[PDB]
>>> print(open('start_10.csv').read())   # CSV, C-alpha atoms
chain,number,residue,atom,x,y,z
A,1,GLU,CA,121.2,141.0,83.6
A,2,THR,CA,122.9,139.8,86.9
A,3,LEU,CA,124.7,136.4,86.4
A,4,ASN,CA,125.1,135.0,89.9
A,5,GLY,CA,121.5,136.2,90.4
A,6,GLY,CA,120.0,132.8,89.9
A,7,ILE,CA,122.1,131.0,92.3
A,8,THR,CA,121.6,133.8,94.8
A,9,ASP,CA,117.8,133.7,94.7
A,10,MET,CA,117.9,129.9,95.1
A,11,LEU,CA,120.1,130.5,98.0
A,12,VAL,CA,117.5,132.7,99.7
A,13,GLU,CA,114.4,130.5,99.7
A,14,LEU,CA,116.6,127.6,100.8
A,15,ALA,CA,117.8,129.7,103.7
A,16,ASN,CA,114.4,131.1,104.6
A,17,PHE,CA,113.1,127.5,104.9
A,18,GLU,CA,115.5,126.2,107.6
A,19,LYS,CA,115.0,129.3,109.8
A,20,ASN,CA,111.2,129.3,109.7
A,21,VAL,CA,110.5,125.6,109.2
A,22,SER,CA,113.1,124.5,111.9
A,23,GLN,CA,115.2,126.5,114.4
A,24,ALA,CA,118.7,126.4,113.0
A,25,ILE,CA,119.8,130.0,113.0
A,26,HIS,CA,123.2,128.5,111.9
A,27,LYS,CA,122.0,126.8,108.6
A,28,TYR,CA,119.8,129.8,107.6
A,29,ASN,CA,122.5,132.4,108.6
A,30,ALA,CA,124.8,130.3,106.5
A,31,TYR,CA,122.7,129.9,103.4
A,32,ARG,CA,122.0,133.6,104.2
A,33,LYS,CA,125.7,134.6,104.2
A,34,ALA,CA,126.6,132.7,101.1
A,35,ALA,CA,124.0,134.8,99.2
A,36,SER,CA,125.6,137.8,100.4
A,37,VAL,CA,128.8,136.4,99.4
A,38,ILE,CA,128.0,135.4,96.0
A,39,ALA,CA,126.2,138.7,95.1
A,40,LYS,CA,129.1,140.8,96.2
A,41,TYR,CA,130.8,138.6,93.8
A,42,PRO,CA,130.8,139.9,90.2
A,43,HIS,CA,131.5,137.1,87.8
A,44,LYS,CA,129.1,134.6,86.5
A,45,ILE,CA,129.6,131.8,88.8
A,46,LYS,CA,130.5,129.0,86.4
A,47,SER,CA,130.4,126.3,89.0
A,48,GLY,CA,130.1,125.9,92.7
A,49,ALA,CA,133.4,124.1,92.3
A,50,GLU,CA,135.1,127.4,91.8
A,51,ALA,CA,132.6,128.7,94.2
A,52,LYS,CA,134.0,126.7,97.0
A,53,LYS,CA,137.2,128.7,96.7
A,54,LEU,CA,135.1,131.5,97.8
A,55,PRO,CA,134.8,132.5,101.5
A,56,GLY,CA,131.8,131.4,103.7
A,57,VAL,CA,131.0,129.2,100.8
A,58,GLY,CA,131.6,125.9,102.3
A,59,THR,CA,131.8,122.4,100.9
A,60,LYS,CA,128.1,121.9,101.3
A,61,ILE,CA,126.9,125.1,99.5
A,62,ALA,CA,128.8,124.4,96.4
A,63,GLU,CA,127.2,121.1,96.0
A,64,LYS,CA,123.8,122.5,96.5
A,65,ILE,CA,125.0,125.3,94.2
A,66,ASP,CA,126.3,122.9,91.6
A,67,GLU,CA,123.2,120.7,92.0
A,68,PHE,CA,121.2,123.8,91.3
A,69,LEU,CA,123.7,125.0,88.7
A,70,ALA,CA,122.9,121.6,87.1
A,71,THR,CA,119.4,120.6,87.4
A,72,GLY,CA,117.3,123.9,87.4
A,73,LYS,CA,116.3,122.9,90.9
A,74,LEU,CA,117.5,121.4,94.0
A,75,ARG,CA,116.3,118.1,95.4
A,76,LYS,CA,116.5,119.1,99.1
A,77,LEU,CA,114.9,122.2,97.9
A,78,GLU,CA,112.1,120.5,95.8
A,79,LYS,CA,110.2,119.8,99.1
A,80,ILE,CA,108.7,123.2,98.2
A,81,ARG,CA,106.2,122.1,95.6
A,82,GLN,CA,105.3,119.1,97.9
A,83,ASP,CA,104.9,120.7,101.4
A,84,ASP,CA,104.2,117.0,102.2
A,85,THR,CA,101.1,116.8,104.4
A,86,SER,CA,100.4,120.6,104.1
A,87,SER,CA,99.5,120.3,100.4
A,88,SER,CA,97.1,117.6,101.4
A,89,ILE,CA,95.4,119.9,104.0
A,90,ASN,CA,94.1,122.2,101.2
A,91,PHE,CA,93.6,119.1,99.1
A,92,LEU,CA,91.4,117.6,101.7
A,93,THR,CA,89.7,120.9,102.2
A,94,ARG,CA,88.3,120.6,98.8
A,95,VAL,CA,86.2,117.9,100.1
A,96,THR,CA,82.7,118.5,101.3
A,97,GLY,CA,82.4,117.5,104.9
A,98,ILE,CA,86.0,118.4,105.7
A,99,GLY,CA,87.1,121.5,107.6
A,100,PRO,CA,90.4,122.6,109.3
A,101,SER,CA,90.7,120.1,112.2
A,102,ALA,CA,88.6,117.5,110.5
A,103,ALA,CA,90.9,117.6,107.6
A,104,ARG,CA,94.1,117.8,109.8
A,105,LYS,CA,93.2,114.4,111.2
A,106,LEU,CA,92.7,112.4,108.1
A,107,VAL,CA,96.1,113.1,106.7
A,108,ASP,CA,97.8,112.3,110.0
A,109,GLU,CA,95.9,109.1,109.8
A,110,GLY,CA,97.6,108.7,106.6
A,111,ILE,CA,94.6,110.0,104.8
A,112,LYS,CA,96.3,112.7,102.5
A,113,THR,CA,94.6,111.6,99.3
A,114,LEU,CA,91.0,111.1,98.1
A,115,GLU,CA,92.1,107.5,97.6
A,116,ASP,CA,92.5,106.9,101.4
A,117,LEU,CA,89.2,108.4,102.2
A,118,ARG,CA,87.7,106.2,99.5
A,119,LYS,CA,88.2,103.3,101.8
A,120,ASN,CA,88.0,105.2,105.2
A,121,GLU,CA,84.3,106.0,104.3
A,122,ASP,CA,83.7,105.4,108.1
A,123,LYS,CA,86.4,107.8,109.2
A,124,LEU,CA,83.9,110.2,107.8
A,125,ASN,CA,80.3,111.1,108.5
A,126,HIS,CA,77.4,111.4,106.2
A,127,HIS,CA,78.5,114.8,105.1
A,128,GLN,CA,82.1,113.9,104.5
A,129,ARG,CA,80.9,110.9,102.6
A,130,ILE,CA,78.7,112.6,100.2
A,131,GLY,CA,81.3,115.2,99.4
A,132,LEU,CA,83.7,112.6,98.4
A,133,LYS,CA,81.3,110.4,96.6
A,134,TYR,CA,80.6,113.2,94.2
A,135,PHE,CA,83.5,115.4,94.5
A,136,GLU,CA,84.1,115.6,90.8
A,137,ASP,CA,80.9,117.2,89.9
A,138,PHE,CA,81.6,119.2,92.8
A,139,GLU,CA,84.3,120.9,90.8
A,140,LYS,CA,82.5,121.0,87.5
A,141,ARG,CA,81.4,124.6,87.2
A,142,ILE,CA,77.8,125.1,86.3
A,143,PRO,CA,76.2,126.7,83.3
A,144,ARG,CA,73.6,129.2,83.0
A,145,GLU,CA,71.5,127.0,80.8
A,146,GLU,CA,71.5,124.6,83.5
A,147,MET,CA,71.3,127.1,86.1
A,148,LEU,CA,68.2,128.8,84.8
A,149,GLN,CA,66.9,125.4,84.5
A,150,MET,CA,67.3,124.4,88.1
A,151,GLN,CA,66.5,128.0,88.8
A,152,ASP,CA,63.0,127.9,87.5
A,153,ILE,CA,62.1,124.7,89.2
A,154,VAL,CA,62.8,125.9,92.7
A,155,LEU,CA,61.1,129.2,92.5
A,156,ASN,CA,58.3,127.6,90.8
A,157,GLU,CA,57.9,124.7,93.2
A,158,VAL,CA,57.7,126.8,96.2
A,159,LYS,CA,54.8,128.5,94.6
A,160,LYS,CA,52.9,125.2,94.2
A,161,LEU,CA,53.2,125.2,97.9
A,162,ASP,CA,52.0,128.8,98.9
A,163,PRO,CA,52.7,131.8,96.6
A,164,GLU,CA,53.3,134.1,99.6
A,165,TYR,CA,56.9,132.6,99.6
A,166,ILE,CA,59.7,134.6,98.3
A,167,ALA,CA,62.3,132.8,96.4
A,168,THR,CA,65.5,134.5,95.1
A,169,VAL,CA,68.4,132.9,93.8
A,170,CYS,CA,71.5,134.7,94.6
A,171,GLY,CA,75.2,134.3,94.1
A,172,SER,CA,77.3,135.1,91.0
A,173,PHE,CA,74.4,133.9,89.0
A,174,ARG,CA,72.5,136.8,90.1
A,175,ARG,CA,75.2,139.3,89.1
A,176,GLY,CA,74.9,137.6,85.8
A,177,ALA,CA,77.8,135.2,85.8
A,178,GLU,CA,78.1,132.6,83.0
A,179,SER,CA,79.5,130.1,85.5
A,180,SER,CA,78.0,129.9,89.0
A,181,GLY,CA,79.5,127.5,91.6
A,182,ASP,CA,76.4,126.8,93.9
A,183,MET,CA,72.8,127.7,94.2
A,184,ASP,CA,72.4,130.1,96.9
A,185,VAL,CA,68.8,130.3,97.5
A,186,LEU,CA,67.3,132.8,99.9
A,187,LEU,CA,63.9,132.2,101.1
A,188,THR,CA,61.3,133.9,103.1
A,189,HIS,CA,57.7,134.5,103.9
A,190,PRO,CA,55.7,137.1,105.9
A,191,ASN,CA,54.9,134.6,108.7
A,192,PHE,CA,58.5,134.6,109.8
A,193,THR,CA,59.7,138.0,111.0
A,194,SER,CA,62.5,138.8,113.4
A,195,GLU,CA,59.8,138.7,116.1
A,196,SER,CA,58.7,135.3,115.0
A,197,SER,CA,59.4,132.0,116.6
A,198,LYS,CA,61.8,129.5,115.2
A,199,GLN,CA,59.9,128.6,112.1
A,200,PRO,CA,61.5,125.4,110.7
A,201,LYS,CA,58.6,123.9,109.0
A,202,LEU,CA,58.5,126.8,106.6
A,203,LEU,CA,61.8,126.3,105.1
A,204,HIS,CA,61.3,122.7,105.7
A,205,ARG,CA,58.1,122.2,103.8
A,206,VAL,CA,59.7,123.3,100.7
A,207,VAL,CA,62.9,121.2,101.1
A,208,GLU,CA,61.1,117.9,101.6
A,209,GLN,CA,59.2,118.9,98.7
A,210,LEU,CA,62.2,119.6,96.4
A,211,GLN,CA,63.2,116.3,97.7
A,212,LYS,CA,59.8,114.9,96.8
A,213,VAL,CA,59.9,116.0,93.2
A,214,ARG,CA,63.3,114.5,93.1
A,215,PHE,CA,65.3,117.6,92.4
A,216,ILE,CA,67.1,116.9,95.6
A,217,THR,CA,69.3,113.9,95.9
A,218,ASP,CA,70.8,114.1,99.4
A,219,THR,CA,70.6,116.4,102.4
A,220,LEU,CA,73.9,117.6,103.7
A,221,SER,CA,72.6,119.4,106.7
A,222,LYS,CA,69.0,119.7,107.4
A,223,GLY,CA,68.8,122.4,109.9
A,224,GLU,CA,66.1,124.8,110.9
A,225,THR,CA,67.1,128.0,109.3
A,226,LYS,CA,69.5,126.6,106.8
A,227,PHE,CA,69.6,123.6,104.6
A,228,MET,CA,72.5,122.4,102.7
A,229,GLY,CA,72.0,119.8,100.1
A,230,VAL,CA,72.2,118.5,96.7
A,231,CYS,CA,70.3,118.5,93.5
A,232,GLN,CA,70.6,117.4,90.0
A,233,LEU,CA,68.7,117.7,86.8
A,234,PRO,CA,65.9,115.6,85.6
A,235,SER,CA,66.9,113.0,83.0
A,236,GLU,CA,66.0,111.3,79.7
A,237,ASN,CA,69.1,109.8,78.1
A,238,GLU,CA,73.1,112.6,82.7
A,239,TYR,CA,73.7,116.1,84.1
A,240,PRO,CA,75.9,116.0,87.3
A,241,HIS,CA,75.0,117.0,90.8
A,242,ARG,CA,75.2,120.5,92.1
A,243,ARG,CA,75.1,122.2,95.5
A,244,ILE,CA,72.4,124.0,96.8
A,245,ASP,CA,71.6,125.7,99.8
A,246,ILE,CA,68.2,126.8,100.8
A,247,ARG,CA,68.5,129.7,103.2
A,248,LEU,CA,65.6,130.9,105.2
A,249,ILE,CA,65.3,134.5,106.3
A,250,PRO,CA,62.9,136.8,108.0
A,251,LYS,CA,61.0,139.0,105.6
A,252,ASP,CA,62.2,142.0,107.5
A,253,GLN,CA,65.8,141.2,107.0
A,254,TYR,CA,65.6,139.3,103.8
A,255,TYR,CA,66.7,142.3,101.8
A,256,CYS,CA,70.2,143.2,103.2
A,257,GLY,CA,70.3,139.6,103.4
A,258,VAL,CA,69.8,139.6,99.6
A,259,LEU,CA,72.0,142.5,99.0
A,260,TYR,CA,74.7,140.9,100.8
A,261,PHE,CA,74.5,137.5,99.2
A,262,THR,CA,74.0,139.3,96.1
A,263,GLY,CA,77.5,139.9,95.2
A,264,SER,CA,81.1,140.3,95.3
A,265,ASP,CA,82.9,140.6,98.5
A,266,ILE,CA,84.4,143.7,97.3
A,267,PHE,CA,81.2,145.6,96.4
A,268,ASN,CA,79.8,144.5,99.7
A,269,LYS,CA,83.0,145.8,101.3
A,270,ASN,CA,82.8,148.9,99.3
A,271,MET,CA,79.2,149.3,100.1
A,272,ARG,CA,79.5,148.5,103.8
A,273,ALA,CA,81.9,151.4,104.1
A,274,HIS,CA,80.1,154.1,102.1
A,275,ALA,CA,77.2,153.9,104.3
A,276,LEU,CA,79.6,154.1,107.2
A,277,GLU,CA,80.9,156.8,105.1
A,278,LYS,CA,77.7,158.7,105.2
A,279,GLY,CA,77.0,157.7,108.8
A,280,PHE,CA,75.4,154.3,108.5
A,281,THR,CA,76.3,150.9,109.7
A,282,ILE,CA,75.6,148.0,107.5
A,283,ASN,CA,75.8,144.1,107.7
A,284,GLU,CA,73.9,141.1,106.2
A,285,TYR,CA,70.9,141.8,108.5
A,286,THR,CA,70.3,145.6,108.7
A,287,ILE,CA,71.1,149.0,108.0
A,288,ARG,CA,71.2,151.1,111.1
A,289,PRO,CA,72.2,154.6,111.9
A,290,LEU,CA,75.8,154.9,113.2
A,291,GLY,CA,75.6,157.1,116.3
A,292,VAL,CA,78.1,159.2,118.2
A,293,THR,CA,81.3,157.5,119.2
A,294,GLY,CA,80.8,154.7,116.7
A,295,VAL,CA,78.3,152.9,118.7
A,296,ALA,CA,74.6,153.3,118.0
A,297,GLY,CA,71.8,151.5,116.3
A,298,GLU,CA,68.1,151.1,115.5
A,299,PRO,CA,67.6,149.6,112.1
A,300,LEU,CA,65.3,151.1,109.5
A,301,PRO,CA,62.4,149.4,107.6
A,302,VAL,CA,63.3,147.7,104.4
A,303,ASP,CA,61.2,146.5,101.6
A,304,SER,CA,63.6,146.5,98.8
A,305,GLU,CA,67.1,146.8,97.8
A,306,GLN,CA,66.6,150.5,96.8
A,307,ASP,CA,65.6,151.2,100.3
A,308,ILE,CA,69.2,150.5,101.3
A,309,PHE,CA,70.9,152.5,98.6
A,310,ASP,CA,68.6,155.4,99.2
A,311,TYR,CA,69.6,155.7,102.8
A,312,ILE,CA,73.1,155.5,101.9
A,313,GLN,CA,72.3,157.6,98.9
A,314,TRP,CA,73.5,155.6,95.9
A,315,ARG,CA,72.4,155.3,92.2
A,316,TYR,CA,71.2,151.8,92.0
A,317,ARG,CA,74.1,149.5,91.1
A,318,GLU,CA,72.3,146.8,89.4
A,319,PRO,CA,73.2,143.2,90.2
A,320,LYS,CA,75.2,142.8,87.0
A,321,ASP,CA,77.0,146.2,87.8
A,322,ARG,CA,78.5,145.1,91.2
A,323,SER,CA,82.0,143.5,90.9
A,324,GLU,CA,83.3,146.5,92.9
>>> encode(input="start_10.csv", output="C-alpha cells")
Amino acid sequence: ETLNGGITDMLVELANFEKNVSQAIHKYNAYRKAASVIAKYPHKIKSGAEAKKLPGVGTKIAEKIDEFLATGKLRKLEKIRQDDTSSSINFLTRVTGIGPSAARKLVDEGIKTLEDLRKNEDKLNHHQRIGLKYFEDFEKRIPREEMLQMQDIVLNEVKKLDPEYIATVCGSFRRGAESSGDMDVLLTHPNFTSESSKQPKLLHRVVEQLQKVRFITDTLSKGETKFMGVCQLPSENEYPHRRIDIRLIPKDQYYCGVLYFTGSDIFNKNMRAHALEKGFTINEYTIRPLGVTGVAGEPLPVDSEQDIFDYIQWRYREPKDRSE
C-alpha cells in the first residue's frame, strides 16, 4: 500500500542521522517535519518537483526527494553503508592482535584496510602481525574431519608426557558442531588445585611439546595459565592454520570450567539461572549455595558434570543437547 511511504521512510533515517551524528536540531527537525508533511499527504508523490509546492518542503528536500525518487538511494545518504572509519573499526577487529583502542588507532593512522597494515607490520606487535599474516585461514571455518584429527593429537600428546593430565576439547565441537571456529582446549592435572602455587610448567610442558612435534606454528601469548597459539596439520602434498588455545585449570574447578566452556551462551545463561532458581549460584569456577539476601557462598566438591546438574537438579543435558 502507502504511496508516499518510500519517500517518507527515506526522509526519516536521513533526519535521524543529522541529529545524532551532528547537533543540528534544525536540519533533523526539518527532515523530520517534511516526513510529517508528506505522510499527511495522500497522493503518490510523483516528483519532489511538485513536492516543493508543498509546505515545509523546501527547495532542498525536493532535490533529495527527487534524487531518491530517481536513484533508489541518496548520495548524501549513501554514507550509511560506508560509515567511513567506523566500518573499518569492525573490519580491523577481525584481525588477531587488534582490540578496541588498538584498532581505533590504526585507522586514524590511515590504517583502515588490511592493505595498510600489510606494510605497517611494525605498527603492530608480534600478535597483531601473526593475525594479519594468516588472517584468511583465520576465517576459514574448520571441519570435523580435521578437527578430530587435530583433536586426537593433542589429547594424545599430552599422554606421552604424563597420563595424569586431563585433556578435553571444548567449544561448539563438543556440542557436536560440524564447523568449529577454534580449539578450545581445557587442561588440568591433580598437582594443580586451587590451593596450588602458580603452576606454569605444567601447561607449559605440554605447549612446548605441541610445538616440538610441530603441531604448533606460532605462539600468540605464552602465559602461565593460558596459552594462545596456532597449529596446523601435518603435511604430505596443505591444510591451513587454526587457532588454538590451551587453557590450564585446577582440577577442582576444571568441571564448571568445562561445563561453562562447553556450550552456548544461552544454555549457560539458562543454566546459570536455574540453579539460582533453586537457590544456587553458578559461574565458570564453582557452584555454591546462594544464601539469605543474595549473598552467600562455600562451593561444593565437583568431580564431574553430573555433580553440577544434580545439585541444581537436572536431567543430564548432553553436550549435543545444549543450544538452549
>>> atom_distance(input="start_10.csv", atom1="CA of residue 176 in chain A", atom2="CA of residue 154 in chain A")
18.2 Å
>>> residues_around(input="start_10.csv", residues="range 64-79 of chain A", least_positions_apart="2", cutoff="10 Å", atoms="only C-alpha atoms", output="list in words")
residues 6, 7, 8, 10, 11, 13, 14, 15, 17, 45, 46, 47, 48, 49, 50, 51, 52, 57, 59, 60, 61, 62, 81, 82, 83 and 84 of chain A
>>> closest_residue(input="start_10.csv", among="A:137, A:224, A:252, A:265", to="residue 189 in chain A", atoms="only C-alpha atoms")
A:252
>>> residues_around(input="start_10.csv", residues="range 215-220 of chain A", least_positions_apart="4", cutoff="9 Å", atoms="all atoms listed in the file", output="short mmCIF file (atom, residue, chain, number, x, y, z; two decimals) with C-alpha atoms, keeping the file's coordinate frame")
data_model
loop_
_atom_site.label_atom_id
_atom_site.label_comp_id
_atom_site.auth_asym_id
_atom_site.auth_seq_id
_atom_site.Cartn_x
_atom_site.Cartn_y
_atom_site.Cartn_z
CA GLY A 97 82.40 117.50 104.90
CA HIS A 126 77.40 111.40 106.20
CA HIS A 127 78.50 114.80 105.10
CA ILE A 130 78.70 112.60 100.20
CA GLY A 131 81.30 115.20 99.40
CA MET A 150 67.30 124.40 88.10
CA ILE A 153 62.10 124.70 89.20
CA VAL A 154 62.80 125.90 92.70
CA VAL A 207 62.90 121.20 101.10
CA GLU A 208 61.10 117.90 101.60
CA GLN A 209 59.20 118.90 98.70
CA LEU A 210 62.20 119.60 96.40
CA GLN A 211 63.20 116.30 97.70
CA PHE A 227 69.60 123.60 104.60
CA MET A 228 72.50 122.40 102.70
CA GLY A 229 72.00 119.80 100.10
CA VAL A 230 72.20 118.50 96.70
CA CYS A 231 70.30 118.50 93.50
CA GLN A 232 70.60 117.40 90.00
CA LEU A 233 68.70 117.70 86.80
CA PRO A 234 65.90 115.60 85.60
CA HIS A 241 75.00 117.00 90.80
CA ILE A 244 72.40 124.00 96.80
#
>>> closest_residue(input="start_10.csv", among="A:158, A:114, A:275, A:92", to="residue 133 in chain A", atoms="only C-alpha atoms")
A:114
>>> residues_around(input="start_10.csv", residues="residue 257 in chain A", least_positions_apart="4", cutoff="7 Å", atoms="only C-alpha atoms", output="list in words")
residues 253, 261, 284 and 285 of chain A
>>> closest_residue(input="start_10.csv", among="A:213, A:248, A:312, A:35", to="residue 167 in chain A", atoms="all atoms listed in the file")
A:248
>>> closest_residue(input="start_10.csv", among="A:102, A:303, A:308, A:246", to="residue 288 in chain A", atoms="only C-alpha atoms")
A:308
>>> atom_distance(input="start_10.csv", atom1="CA of residue 314 in chain A", atom2="CA of residue 271 in chain A")
9.5 Å
>>> residues_around(input="start_10.csv", residues="residue 258 in chain A", least_positions_apart="2", cutoff="8 Å", atoms="only C-alpha atoms", output="PyMOL selection string")
chain A and resi 170+186+254-256+260-262+284+305
>>> write_last_selection(input="start_10.csv", atoms="C-alpha atoms", output="tab-separated table (two decimals), in the frame of the given file")
chain	number	residue	atom	x	y	z
A	170	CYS	CA	71.50	134.70	94.60
A	186	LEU	CA	67.30	132.80	99.90
A	254	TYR	CA	65.60	139.30	103.80
A	255	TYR	CA	66.70	142.30	101.80
A	256	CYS	CA	70.20	143.20	103.20
A	260	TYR	CA	74.70	140.90	100.80
A	261	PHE	CA	74.50	137.50	99.20
A	262	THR	CA	74.00	139.30	96.10
A	284	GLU	CA	73.90	141.10	106.20
A	305	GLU	CA	67.10	146.80	97.80
>>> atom_distance(input="start_10.csv", atom1="CA of residue 55 in chain A", atom2="CA of residue 80 in chain A")
27.9 Å
>>> closest_residue(input="start_10.csv", among="A:319, A:183, A:91, A:42", to="residue 104 in chain A", atoms="all atoms listed in the file")
A:91
>>> closest_residue(input="start_10.csv", among="A:317, A:140, A:222, A:94", to="residue 200 in chain A", atoms="all atoms listed in the file")
A:222
>>> decode(input="start_10.csv", residues="range 217-229 of chain A", atoms="N, CA, C and O atoms", output="JSON list (two decimals), in the first residue's frame")
[["chain", "number", "residue", "atom", "x", "y", "z"],
["A", 217, "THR", "N", 52.60, -23.77, 15.29],
["A", 217, "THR", "CA", 53.39, -22.92, 14.41],
["A", 217, "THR", "C", 53.85, -21.56, 14.96],
["A", 217, "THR", "O", 54.88, -21.01, 14.55],
["A", 218, "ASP", "N", 53.07, -21.01, 15.87],
["A", 218, "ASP", "CA", 53.42, -19.74, 16.45],
["A", 218, "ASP", "C", 52.74, -19.65, 17.79],
["A", 218, "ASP", "O", 51.72, -20.29, 18.02],
["A", 219, "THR", "N", 53.28, -18.85, 18.68],
["A", 219, "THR", "CA", 52.65, -18.71, 19.97],
["A", 219, "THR", "C", 52.06, -17.33, 20.05],
["A", 219, "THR", "O", 52.83, -16.38, 19.96],
["A", 220, "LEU", "N", 50.76, -17.18, 20.21],
["A", 220, "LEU", "CA", 50.27, -15.80, 20.30],
["A", 220, "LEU", "C", 50.57, -15.18, 21.66],
["A", 220, "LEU", "O", 51.06, -14.05, 21.73],
["A", 221, "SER", "N", 50.30, -15.93, 22.73],
["A", 221, "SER", "CA", 50.57, -15.40, 24.04],
["A", 221, "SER", "C", 51.00, -16.43, 25.02],
["A", 221, "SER", "O", 50.17, -16.97, 25.73],
["A", 222, "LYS", "N", 52.27, -16.73, 25.12],
["A", 222, "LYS", "CA", 52.54, -17.71, 26.11],
["A", 222, "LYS", "C", 52.44, -17.02, 27.42],
["A", 222, "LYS", "O", 53.16, -16.07, 27.70],
["A", 223, "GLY", "N", 51.52, -17.53, 28.21],
["A", 223, "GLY", "CA", 51.26, -17.01, 29.52],
["A", 223, "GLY", "C", 51.47, -18.15, 30.48],
["A", 223, "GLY", "O", 52.05, -19.17, 30.11],
["A", 224, "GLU", "N", 51.01, -17.98, 31.70],
["A", 224, "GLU", "CA", 51.18, -19.05, 32.64],
["A", 224, "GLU", "C", 49.95, -19.91, 32.79],
["A", 224, "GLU", "O", 50.05, -21.11, 32.87],
["A", 225, "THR", "N", 48.77, -19.33, 32.83],
["A", 225, "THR", "CA", 47.62, -20.21, 32.94],
["A", 225, "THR", "C", 47.08, -20.55, 31.58],
["A", 225, "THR", "O", 46.65, -21.66, 31.34],
["A", 226, "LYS", "N", 47.12, -19.53, 30.74],
["A", 226, "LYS", "CA", 46.64, -19.58, 29.40],
["A", 226, "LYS", "C", 47.71, -19.43, 28.35],
["A", 226, "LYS", "O", 48.72, -18.78, 28.55],
["A", 227, "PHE", "N", 47.43, -20.06, 27.20],
["A", 227, "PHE", "CA", 48.29, -20.06, 26.06],
["A", 227, "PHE", "C", 47.50, -19.93, 24.81],
["A", 227, "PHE", "O", 46.64, -20.74, 24.55],
["A", 228, "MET", "N", 47.79, -18.95, 24.02],
["A", 228, "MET", "CA", 47.06, -18.80, 22.81],
["A", 228, "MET", "C", 48.01, -19.06, 21.71],
["A", 228, "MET", "O", 49.10, -18.54, 21.76],
["A", 229, "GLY", "N", 47.64, -19.83, 20.73],
["A", 229, "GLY", "CA", 48.62, -20.04, 19.70],
["A", 229, "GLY", "C", 48.01, -20.59, 18.47],
["A", 229, "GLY", "O", 46.80, -20.57, 18.30]]
